[PDB]
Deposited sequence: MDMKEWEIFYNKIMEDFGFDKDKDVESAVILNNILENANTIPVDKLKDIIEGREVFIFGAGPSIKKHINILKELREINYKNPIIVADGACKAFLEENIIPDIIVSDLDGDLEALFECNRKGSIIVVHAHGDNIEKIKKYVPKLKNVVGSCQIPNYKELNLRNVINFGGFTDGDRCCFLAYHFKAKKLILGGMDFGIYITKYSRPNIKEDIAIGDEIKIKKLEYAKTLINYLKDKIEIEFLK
């Protein structure tokens, strides 16, 4: 029921897995520096897209392609809600001719799917962590409609004004923490399967403050 208790959790994760907290902050400084003169998105356009609505958050589960056709059919009831996809799942929507409204990505995958969705109108939420430094340095200048994310809790005292961090460890949960923060009503998750044990923990935490109904 706090976010500087997330600063505590950040510490438990980094020491748990053994992540260089210093490569973490470094990628956030590189990211904010790049986004000062980049094809960004007024972060308040994501409030229009999310606030009050009933967003869909898609990961990369064993149920990805048979949850997406559910999305297909629900869409032709004049029922179309903002969609958020976790990293590489966008190739699933590119393969079903669905274009995600927002993609939270740390660039870790093959970027062929992500890039084609970007030019088609996606909002790409780039998230900075330790190992994606050179990727952020190369691929963020090649994108449009980009929003910067980072793992470090202490991002506002470091003068990172082109970055926001709304909580979350896996790129999947950041979507919901983004969905929570932008005042979404309920989240309908799809394609949900070590790191996963923390995802369920944070998802459980979101179950209390926001309505969260996994689809099946």
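Deposited-sequence ranges lacking C-alpha coordinates, in sequence order: That part of the chain that was deposited but carries no coordinates is 194-218, and nothing else.
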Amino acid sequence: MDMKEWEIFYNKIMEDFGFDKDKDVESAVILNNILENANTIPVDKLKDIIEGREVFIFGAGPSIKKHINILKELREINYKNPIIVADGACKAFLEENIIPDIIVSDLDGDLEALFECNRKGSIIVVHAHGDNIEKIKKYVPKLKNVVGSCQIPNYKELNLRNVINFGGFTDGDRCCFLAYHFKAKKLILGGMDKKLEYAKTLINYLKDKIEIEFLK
From here on, numbers count along this sequence of modelled residues.
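Got a sec? Mean C-alpha B-factor, which is higher, 30-38 or 58-66? Result of the comparison: 58-66.
State which stretch shows the higher mean Cα B factor in the entry: 69-77 or 83-91. Averaging CA B-factors over each stretch, the winner is 69-77.
Sorting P141, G130, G109, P100 by Cα temperature factor from the record, which one lands on top? Spelled out: the listed residue with the top C-alpha B-factor is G109.
Could you look up the Cα B-factor of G191 in the entry and say which third of the chain it sits in: lowest, middle or highest? Tercile = highest for this residue's CA B-factor.
Taking the chain's C-alpha temperature factors as the reference, tell me which third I152 falls into: lowest, middle or highest. Its C-alpha B-factor belongs to the lowest third of this chain's values.
Consider only the C-alpha atoms of the modelled residues in this chain, order them by B-factor as the entry records it, and name the third containing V43: lowest, middle or highest. It falls in the top third of the chain.
Would you check the entry's CA temperature factor for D208 and let me know if it's in the chain's lowest, middle or highest third? According to the entry, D208 has a C-alpha B-factor in the chain's highest third.
Test of reading the entry: by CA B factor among the chain's modelled residues, which third contains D22? For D22, whose C-alpha B-factor we compare with every modelled residue in the chain, the answer is the middle third.
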